[PDB]
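Trainee: Got structure_1.json for you, JSON, C-alpha atoms and all ligand atoms:
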```json
[["chain", "number", "residue", "atom", "x", "y", "z"],
["A", 23, "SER", "CA", 1.16, -30.66, 8.09],
["A", 24, "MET", "CA", 1.29, -28.45, 4.99],
["A", 25, "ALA", "CA", -0.55, -30.85, 2.66],
["A", 26, "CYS", "CA", -3.62, -30.58, 4.93],
["A", 27, "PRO", "CA", -3.82, -27.23, 6.75],
["A", 28, "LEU", "CA", -7.32, -28.00, 8.05],
["A", 29, "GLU", "CA", -5.95, -31.15, 9.72],
["A", 30, "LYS", "CA", -3.11, -29.21, 11.36],
["A", 31, "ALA", "CA", -5.76, -26.84, 12.73],
["A", 32, "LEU", "CA", -7.55, -29.69, 14.50],
["A", 33, "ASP", "CA", -4.20, -30.77, 15.95],
["A", 34, "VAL", "CA", -3.44, -27.42, 17.60],
["A", 35, "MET", "CA", -7.05, -27.29, 18.82],
["A", 36, "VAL", "CA", -6.64, -30.42, 20.94],
["A", 37, "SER", "CA", -2.97, -29.91, 21.80],
["A", 38, "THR", "CA", -3.19, -26.25, 22.85],
["A", 39, "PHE", "CA", -6.07, -27.12, 25.19],
["A", 40, "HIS", "CA", -4.05, -29.85, 26.91],
["A", 41, "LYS", "CA", -0.95, -27.63, 26.81],
["A", 42, "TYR", "CA", -2.43, -25.75, 29.78],
["A", 43, "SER", "CA", -5.34, -27.83, 31.13],
["A", 44, "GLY", "CA", -2.88, -30.36, 32.58],
["A", 45, "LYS", "CA", -0.81, -27.79, 34.47],
["A", 46, "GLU", "CA", -2.88, -27.94, 37.67],
["A", 47, "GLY", "CA", -6.06, -29.43, 39.08],
["A", 48, "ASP", "CA", -8.27, -31.34, 36.67],
["A", 49, "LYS", "CA", -5.94, -32.39, 33.86],
["A", 50, "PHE", "CA", -8.80, -32.35, 31.31],
["A", 51, "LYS", "CA", -10.40, -28.96, 32.08],
["A", 52, "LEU", "CA", -9.29, -25.33, 32.11],
["A", 53, "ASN", "CA", -9.67, -23.29, 35.29],
["A", 54, "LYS", "CA", -9.52, -19.49, 35.43],
["A", 55, "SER", "CA", -5.73, -19.63, 35.81],
["A", 56, "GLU", "CA", -5.17, -21.93, 32.82],
["A", 57, "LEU", "CA", -7.70, -20.06, 30.66],
["A", 58, "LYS", "CA", -5.54, -16.99, 31.28],
["A", 59, "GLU", "CA", -2.27, -18.54, 30.08],
["A", 60, "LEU", "CA", -3.82, -20.17, 27.00],
["A", 61, "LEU", "CA", -5.47, -16.98, 25.76],
["A", 62, "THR", "CA", -2.37, -14.89, 26.52],
["A", 63, "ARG", "CA", 0.27, -17.15, 24.95],
["A", 64, "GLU", "CA", -1.78, -18.65, 22.09],
["A", 65, "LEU", "CA", -4.32, -15.92, 21.21],
["A", 66, "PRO", "CA", -2.45, -12.67, 21.94],
["A", 67, "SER", "CA", -4.27, -10.64, 19.27],
["A", 68, "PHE", "CA", -7.61, -11.52, 20.88],
["A", 69, "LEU", "CA", -6.93, -10.01, 24.30],
["A", 70, "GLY", "CA", -4.84, -6.94, 23.63],
["A", 71, "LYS", "CA", -3.66, -5.54, 26.95],
["A", 72, "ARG", "CA", -6.83, -6.54, 28.86],
["A", 73, "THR", "CA", -6.21, -7.87, 32.40],
["A", 74, "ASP", "CA", -9.45, -6.51, 33.86],
["A", 75, "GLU", "CA", -9.99, -9.73, 35.88],
["A", 76, "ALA", "CA", -13.67, -8.86, 36.38],
["A", 77, "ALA", "CA", -14.15, -9.14, 32.62],
["A", 78, "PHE", "CA", -12.00, -12.27, 32.79],
["A", 79, "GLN", "CA", -14.45, -13.59, 35.39],
["A", 80, "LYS", "CA", -17.23, -12.60, 32.98],
["A", 81, "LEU", "CA", -15.50, -14.45, 30.13],
["A", 82, "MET", "CA", -14.86, -17.41, 32.42],
["A", 83, "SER", "CA", -18.54, -17.34, 33.44],
["A", 84, "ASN", "CA", -19.84, -17.03, 29.87],
["A", 85, "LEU", "CA", -17.78, -19.95, 28.55],
["A", 86, "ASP", "CA", -18.51, -22.16, 31.58],
["A", 87, "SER", "CA", -22.01, -23.20, 30.51],
["A", 88, "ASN", "CA", -22.49, -26.17, 32.87],
["A", 89, "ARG", "CA", -21.41, -23.92, 35.78],
["A", 90, "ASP", "CA", -18.62, -26.02, 37.31],
["A", 91, "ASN", "CA", -15.94, -23.27, 37.49],
["A", 92, "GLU", "CA", -14.02, -25.08, 34.73],
["A", 93, "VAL", "CA", -13.76, -25.00, 30.93],
["A", 94, "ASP", "CA", -13.84, -28.48, 29.40],
["A", 95, "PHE", "CA", -13.00, -29.27, 25.78],
["A", 96, "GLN", "CA", -16.69, -28.94, 24.87],
["A", 97, "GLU", "CA", -16.91, -25.30, 25.94],
["A", 98, "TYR", "CA", -13.39, -24.74, 24.59],
["A", 99, "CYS", "CA", -14.64, -25.63, 21.10],
["A", 100, "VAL", "CA", -17.74, -23.43, 21.43],
["A", 101, "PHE", "CA", -15.57, -20.41, 22.27],
["A", 102, "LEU", "CA", -13.27, -21.08, 19.31],
["A", 103, "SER", "CA", -16.28, -21.53, 17.03],
["A", 104, "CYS", "CA", -17.74, -18.21, 18.18],
["A", 105, "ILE", "CA", -14.46, -16.46, 17.35],
["A", 106, "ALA", "CA", -14.26, -18.22, 13.98],
["A", 107, "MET", "CA", -17.88, -17.28, 13.26],
["A", 108, "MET", "CA", -16.90, -13.65, 13.83],
["A", 109, "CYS", "CA", -13.76, -13.93, 11.68],
["A", 110, "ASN", "CA", -16.20, -15.17, 9.02],
["A", 111, "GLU", "CA", -18.57, -12.20, 9.35],
["A", 112, "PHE", "CA", -15.77, -9.62, 9.33],
["A", 113, "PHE", "CA", -14.35, -11.44, 6.32],
["A", 114, "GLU", "CA", -17.71, -10.58, 4.72],
["A", 115, "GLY", "CA", -17.47, -7.00, 6.00],
["A", 116, "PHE", "CA", -19.77, -6.88, 9.02],
["A", 117, "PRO", "CA", -19.18, -3.26, 10.17],
["A", 118, "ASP", "CA", -18.91, -1.86, 6.63],
["A", 119, "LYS", "CA", -21.70, -3.70, 4.77],
["B", 24, "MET", "CA", -24.92, 15.19, 10.27],
["B", 25, "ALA", "CA", -21.80, 17.38, 10.27],
["B", 26, "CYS", "CA", -19.82, 15.22, 12.71],
["B", 27, "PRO", "CA", -20.03, 11.42, 12.31],
["B", 28, "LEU", "CA", -18.72, 10.52, 15.78],
["B", 29, "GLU", "CA", -21.44, 12.68, 17.34],
["B", 30, "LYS", "CA", -24.24, 10.95, 15.42],
["B", 31, "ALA", "CA", -22.77, 7.62, 16.54],
["B", 32, "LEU", "CA", -23.32, 8.65, 20.16],
["B", 33, "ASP", "CA", -26.85, 9.80, 19.33],
["B", 34, "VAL", "CA", -27.97, 6.63, 17.54],
["B", 35, "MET", "CA", -26.76, 4.37, 20.37],
["B", 36, "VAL", "CA", -28.98, 6.20, 22.86],
["B", 37, "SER", "CA", -31.99, 6.37, 20.52],
["B", 38, "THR", "CA", -31.68, 2.79, 19.24],
["B", 39, "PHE", "CA", -31.75, 1.59, 22.85],
["B", 40, "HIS", "CA", -34.95, 3.52, 23.57],
["B", 41, "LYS", "CA", -36.26, 2.55, 20.12],
["B", 42, "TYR", "CA", -37.03, -0.84, 21.71],
["B", 43, "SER", "CA", -36.70, -0.46, 25.50],
["B", 44, "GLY", "CA", -39.92, 1.56, 25.74],
["B", 45, "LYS", "CA", -42.05, -1.20, 24.23],
["B", 46, "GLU", "CA", -42.58, -3.71, 27.06],
["B", 47, "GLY", "CA", -42.26, -3.35, 30.82],
["B", 48, "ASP", "CA", -39.47, -1.12, 32.08],
["B", 49, "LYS", "CA", -39.08, 1.88, 29.79],
["B", 50, "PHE", "CA", -35.29, 1.99, 30.27],
["B", 51, "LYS", "CA", -34.30, -1.70, 30.26],
["B", 52, "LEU", "CA", -34.40, -4.25, 27.44],
["B", 53, "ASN", "CA", -36.07, -7.62, 27.90],
["B", 54, "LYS", "CA", -35.30, -10.72, 25.84],
["B", 55, "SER", "CA", -37.96, -9.81, 23.26],
["B", 56, "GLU", "CA", -36.80, -6.20, 22.89],
["B", 57, "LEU", "CA", -33.16, -7.32, 22.71],
["B", 58, "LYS", "CA", -34.06, -9.71, 19.89],
["B", 59, "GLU", "CA", -35.81, -6.93, 17.96],
["B", 60, "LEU", "CA", -32.80, -4.63, 18.36],
["B", 61, "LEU", "CA", -30.27, -7.26, 17.28],
["B", 62, "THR", "CA", -32.25, -8.54, 14.29],
["B", 63, "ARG", "CA", -33.44, -5.17, 13.00],
["B", 64, "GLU", "CA", -30.49, -2.88, 13.84],
["B", 65, "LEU", "CA", -27.53, -5.31, 13.64],
["B", 66, "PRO", "CA", -28.51, -7.92, 11.02],
["B", 67, "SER", "CA", -24.97, -8.83, 9.92],
["B", 68, "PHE", "CA", -23.92, -9.41, 13.54],
["B", 69, "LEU", "CA", -26.04, -12.59, 13.64],
["B", 70, "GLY", "CA", -26.22, -14.49, 10.36],
["B", 71, "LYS", "CA", -29.94, -15.28, 10.70],
["B", 72, "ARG", "CA", -29.15, -17.53, 13.68],
["B", 73, "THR", "CA", -32.45, -18.51, 15.31],
["B", 74, "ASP", "CA", -31.06, -20.68, 18.14],
["B", 75, "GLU", "CA", -33.25, -19.67, 21.08],
["B", 76, "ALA", "CA", -30.93, -21.57, 23.44],
["B", 77, "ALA", "CA", -27.95, -19.58, 22.14],
["B", 78, "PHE", "CA", -29.92, -16.32, 22.22],
["B", 79, "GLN", "CA", -30.72, -16.90, 25.90],
["B", 80, "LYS", "CA", -26.99, -17.41, 26.46],
["B", 81, "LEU", "CA", -26.27, -14.00, 24.94],
["B", 82, "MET", "CA", -29.06, -12.60, 27.12],
["B", 83, "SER", "CA", -27.43, -13.99, 30.27],
["B", 84, "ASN", "CA", -23.91, -13.08, 29.12],
["B", 85, "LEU", "CA", -25.07, -9.44, 28.92],
["B", 86, "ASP", "CA", -27.30, -9.40, 32.03],
["B", 87, "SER", "CA", -24.38, -8.86, 34.39],
["B", 88, "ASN", "CA", -26.45, -7.69, 37.38],
["B", 89, "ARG", "CA", -28.91, -10.60, 36.97],
["B", 90, "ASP", "CA", -32.20, -8.73, 36.68],
["B", 91, "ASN", "CA", -33.42, -10.61, 33.57],
["B", 92, "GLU", "CA", -33.04, -7.36, 31.61],
["B", 93, "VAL", "CA", -30.37, -5.38, 29.75],
["B", 94, "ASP", "CA", -30.00, -1.77, 30.90],
["B", 95, "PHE", "CA", -28.08, 0.91, 29.03],
["B", 96, "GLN", "CA", -24.80, 0.20, 30.85],
["B", 97, "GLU", "CA", -24.77, -3.44, 29.71],
["B", 98, "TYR", "CA", -25.88, -2.18, 26.29],
["B", 99, "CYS", "CA", -22.76, -0.01, 26.01],
["B", 100, "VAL", "CA", -20.47, -2.80, 27.24],
["B", 101, "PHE", "CA", -21.74, -5.15, 24.54],
["B", 102, "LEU", "CA", -21.36, -2.54, 21.79],
["B", 103, "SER", "CA", -17.83, -1.68, 22.93],
["B", 104, "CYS", "CA", -16.95, -5.38, 23.01],
["B", 105, "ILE", "CA", -18.10, -5.66, 19.39],
["B", 106, "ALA", "CA", -16.26, -2.47, 18.43],
["B", 107, "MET", "CA", -13.06, -3.68, 20.12],
["B", 108, "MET", "CA", -13.35, -6.85, 18.04],
["B", 109, "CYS", "CA", -13.94, -4.95, 14.78],
["B", 110, "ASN", "CA", -10.69, -3.17, 15.61],
["B", 111, "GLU", "CA", -8.77, -6.45, 15.85],
["B", 112, "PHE", "CA", -9.81, -7.62, 12.37],
["B", 113, "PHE", "CA", -9.18, -4.11, 11.04],
["B", 114, "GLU", "CA", -5.60, -4.37, 12.32],
["B", 115, "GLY", "CA", -5.45, -8.04, 11.36],
["B", 116, "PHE", "CA", -6.27, -10.59, 14.06],
["B", 117, "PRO", "CA", -6.12, -14.50, 12.12],
["B", 118, "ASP", "CA", -4.38, -12.86, 9.17],
["A", 201, "CA", "CA", -6.67, -27.92, 34.89],
["A", 202, "CA", "CA", -17.36, -26.11, 32.34],
["A", 203, "CA", "CA", -38.43, -2.64, 28.19],
["A", 204, "CA", "CA", -29.31, -5.98, 33.55]]
```
Could I get this file's structure written as structure tokens?
Ligand SMILES: [Ca+2]
Ligand SMILES: [Ca+2]
Ligand SMILES: [Ca+2]
Ligand SMILES: [Ca+2]

Mentor:
Amino acid sequence: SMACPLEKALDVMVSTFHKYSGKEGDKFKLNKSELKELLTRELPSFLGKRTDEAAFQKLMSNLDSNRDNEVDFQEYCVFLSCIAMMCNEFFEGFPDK
Amino acid sequence: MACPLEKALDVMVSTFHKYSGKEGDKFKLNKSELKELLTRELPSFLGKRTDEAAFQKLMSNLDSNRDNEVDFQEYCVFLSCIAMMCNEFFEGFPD
């Protein structure tokens, strides 16, 4: 847990996904309803107030690459990687350098 | 010039037309003009990522009206989305 923080990160990546994907419908994929709870309860700093729905449909449409109205674990990792790639750039001072 | 927030509004309008008037519609960006604007005007936004498949995804994620182009409205939405994100790390997102 503490002796390997990078391992604990991969745990909460798989567990947080299934924390909501199994609430309704396909137990292995996130619908628009489950994508809303996961981002709200687990990534609160990312959203802010938000709740524009249309932008949520845009976010749901951008993540859903295969166009099946769901977010599988593949697209779930791409979205997290895109956020981490930004956290890396702003660590290097993107808007100020 | 004298006011920085004013020049910020001026550069966003001029930078858009700095590339939109090159090919086709004079007021809408195509995929080539969008790539010139991102690489030349926002280099640190994309760390020299050359993935054409991923660049097309950003092109479709911005083309909200599905006209294969990026007008000024979608140009402002994308810039505000970036600015809103800069704000989160300023305040302290994973930190
Ligand atoms: Ca589900
Ligand atoms: Ca999907
Ligand atoms: Ca054009
Ligand atoms: Ca458009």

Trainee: Give one line per residue of chain B that approaches chain A to at most 12 Å, naming the two atoms of the closest pair and their distance in Å to one decimal, counting only C-alpha atoms; sort by chain then ascending residue number and deliver it as CSV.

Mentor:
```
residue,atom,partner,partner_atom,distance
B:64,CA,A:117,CA,11.9
B:65,CA,A:116,CA,9.2
B:66,CA,A:116,CA,9.0
B:67,CA,A:116,CA,5.6
B:68,CA,A:116,CA,6.6
B:69,CA,A:111,CA,8.6
B:70,CA,A:111,CA,8.0
B:71,CA,A:111,CA,11.9
B:72,CA,A:107,CA,11.3
B:76,CA,A:87,CA,11.5
B:77,CA,A:87,CA,10.9
B:79,CA,A:84,CA,11.6
B:80,CA,A:84,CA,7.9
B:81,CA,A:84,CA,8.7
B:82,CA,A:84,CA,10.6
B:83,CA,A:84,CA,8.2
B:84,CA,A:84,CA,5.7
B:85,CA,A:84,CA,9.3
B:86,CA,A:80,CA,10.6
B:87,CA,A:80,CA,8.2
B:88,CA,A:80,CA,11.3
B:100,CA,A:77,CA,10.4
B:101,CA,A:77,CA,11.8
B:102,CA,A:117,CA,11.8
B:104,CA,A:77,CA,10.7
B:105,CA,A:117,CA,9.6
B:106,CA,A:117,CA,8.8
B:107,CA,A:70,CA,9.5
B:108,CA,A:68,CA,7.9
B:109,CA,A:117,CA,7.2
B:110,CA,A:117,CA,10.1
B:111,CA,A:67,CA,7.0
B:112,CA,A:112,CA,7.0
B:113,CA,A:112,CA,8.8
B:114,CA,A:67,CA,9.5
B:115,CA,A:67,CA,8.4
B:116,CA,A:67,CA,5.6
B:117,CA,A:109,CA,7.7
B:118,CA,A:109,CA,9.8
```

Trainee: List all protein, DNA and RNA residues that have an atom no more than 10 Å from any atom of ligand CA 202 (chain A), counting only C-alpha atoms and all ligand atoms, and report them as a VMD selection string.

Mentor: chain A and resid 51 to 53 82 to 98

Trainee: Kindly export the residues of the current selection with C-alpha atoms, as a CSV table (one decimal), keeping the file's coordinate frame.

Mentor:
```csv
chain,number,residue,atom,x,y,z
A,51,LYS,CA,-10.4,-29.0,32.1
A,52,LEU,CA,-9.3,-25.3,32.1
A,53,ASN,CA,-9.7,-23.3,35.3
A,82,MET,CA,-14.9,-17.4,32.4
A,83,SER,CA,-18.5,-17.3,33.4
A,84,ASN,CA,-19.8,-17.0,29.9
A,85,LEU,CA,-17.8,-20.0,28.6
A,86,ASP,CA,-18.5,-22.2,31.6
A,87,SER,CA,-22.0,-23.2,30.5
A,88,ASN,CA,-22.5,-26.2,32.9
A,89,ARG,CA,-21.4,-23.9,35.8
A,90,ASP,CA,-18.6,-26.0,37.3
A,91,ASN,CA,-15.9,-23.3,37.5
A,92,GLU,CA,-14.0,-25.1,34.7
A,93,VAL,CA,-13.8,-25.0,30.9
A,94,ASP,CA,-13.8,-28.5,29.4
A,95,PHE,CA,-13.0,-29.3,25.8
A,96,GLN,CA,-16.7,-28.9,24.9
A,97,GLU,CA,-16.9,-25.3,25.9
A,98,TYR,CA,-13.4,-24.7,24.6
```

Trainee: Which residues, written as a list in words, have at least one atom at most 10 Å from range 34-50 of chain A, with only C-alpha atoms counted and residues fewer than 5 positions away on the same chain left out?

Mentor: residues 29, 55, 56, 57, 58, 59, 60, 61, 63, 64, 92, 93, 94, 95, 98, 99 and 102 of chain A

Trainee: Could the residues in this selection be written to a file with C-alpha atoms, as an mmCIF file, in the coordinates of the input?

Mentor:
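Result file again03.cif:
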```cif
data_model
loop_
_atom_site.group_PDB
_atom_site.id
_atom_site.type_symbol
_atom_site.label_atom_id
_atom_site.label_comp_id
_atom_site.auth_asym_id
_atom_site.auth_seq_id
_atom_site.Cartn_x
_atom_site.Cartn_y
_atom_site.Cartn_z
ATOM 1 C CA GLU A 29 -5.950 -31.150 9.720
ATOM 2 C CA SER A 55 -5.730 -19.630 35.810
ATOM 3 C CA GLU A 56 -5.170 -21.930 32.820
ATOM 4 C CA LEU A 57 -7.700 -20.060 30.660
ATOM 5 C CA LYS A 58 -5.540 -16.990 31.280
ATOM 6 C CA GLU A 59 -2.270 -18.540 30.080
ATOM 7 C CA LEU A 60 -3.820 -20.170 27.000
ATOM 8 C CA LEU A 61 -5.470 -16.980 25.760
ATOM 9 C CA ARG A 63 0.270 -17.150 24.950
ATOM 10 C CA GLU A 64 -1.780 -18.650 22.090
ATOM 11 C CA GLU A 92 -14.020 -25.080 34.730
ATOM 12 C CA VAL A 93 -13.760 -25.000 30.930
ATOM 13 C CA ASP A 94 -13.840 -28.480 29.400
ATOM 14 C CA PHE A 95 -13.000 -29.270 25.780
ATOM 15 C CA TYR A 98 -13.390 -24.740 24.590
ATOM 16 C CA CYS A 99 -14.640 -25.630 21.100
ATOM 17 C CA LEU A 102 -13.270 -21.080 19.310
#
```

Trainee: Enter the distance from CA of residue 28 in chain A to CA of residue 54 in chain A, in Å, rounded to one decimal.

Mentor: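 Pair CA of residue 28 in chain A / CA of residue 54 in chain A returns 28.8 Å.
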
Trainee: Once you count only C-alpha atoms and all ligand atoms, which residues end up within 8 Å of ligand CA 203 (chain A), and could you hand them over as a ChimeraX atom specification?

Mentor: /B:42-53,56,92

Trainee: Leaving out residue 99 in chain B and any residue of its chain fewer than 6 positions from it, which residues lie within 10 Å of it when counting all atoms listed in the file, given as a count of residues only?

Mentor: 4

Trainee: Step by step, gather every atom of range 49-56 of chain A that the file lists, find the box along x, y and z that holds them, add 4 Å on each side, and finally give centre and edge lengths in Å to one decimal, as JSON.

Mentor:
```
{"center_x": -7.8, "center_y": -25.9, "center_z": 33.6, "size_x": 13.2, "size_y": 20.9, "size_z": 12.5}
```

Trainee: Could you check how far CA of residue 94 in chain B sits from atom CA of ligand CA 204 (chain A), in Å to one decimal?

Mentor: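 Separation of CA of residue 94 in chain B and atom CA of ligand CA 204 (chain A): 5.0 Å.
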